[PDB]
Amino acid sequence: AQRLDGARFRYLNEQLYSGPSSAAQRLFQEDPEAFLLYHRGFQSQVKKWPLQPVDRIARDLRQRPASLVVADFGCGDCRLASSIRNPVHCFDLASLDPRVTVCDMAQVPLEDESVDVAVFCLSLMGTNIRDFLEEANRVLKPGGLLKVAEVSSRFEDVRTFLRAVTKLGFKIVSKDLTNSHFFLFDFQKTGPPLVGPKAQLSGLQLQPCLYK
């Protein structure tokens, strides 16, 4: 049974990285128990990490004024919102928490330049990663902060990933590669994307997180 839930999780997990966000959204809409499975599995993984990226991100944000408006892109169970006093917009494909605004984070119900900080904490799952980051750019005020955490094994070439993100109107401010389980990148918004919506951007193609 325990071995089965993990097999199930590992299959679903691999599936979630393999398709566009529309696929993941449909799956969770039609099969909400799959969402429960995913998070049972995800929690079993992050429990064994000395420090979760949400907590590291919360620590960062607690050092800045709590008036900064945060968007948590792929918020899961909203530990970020629970950990900071900021206004935190919580977006995910399905809801484990009453603060969740259910949507594809490629298209969130916020105005342009409405947020100070966009967070992607282990959430850049679908193949259409460009969509997520462009939506982050849209909602971010000029000079706003983008924080990205992903498992390090997802990055076969950090250099090109960072280069591609820069093409979407961001500047790297710092990167923390010191945690053994994830890389954390802080970018600041310089403006709108500087490659048109028909440019290629291969640097964004990440490897799936396979949890060991």
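We number the residues from 1 along the sequence you see.
- Among all modelled residues in its chain, residue 186 ranks in the middle third by Cα B-factor.
- Ranked by Cα temperature factor within the chain, residue 167 sits in the middle third according to the deposited record.
- When the modelled residues of the chain are ordered by C-alpha B-factor, residue 52 sits in the middle third.
- Remark: residue 150 belongs to the lowest third of its chain, ranked by C-alpha B-factor as recorded.
- The entry lists a Cα temperature factor for residue 177 that places it in the highest third of the chain's modelled residues.
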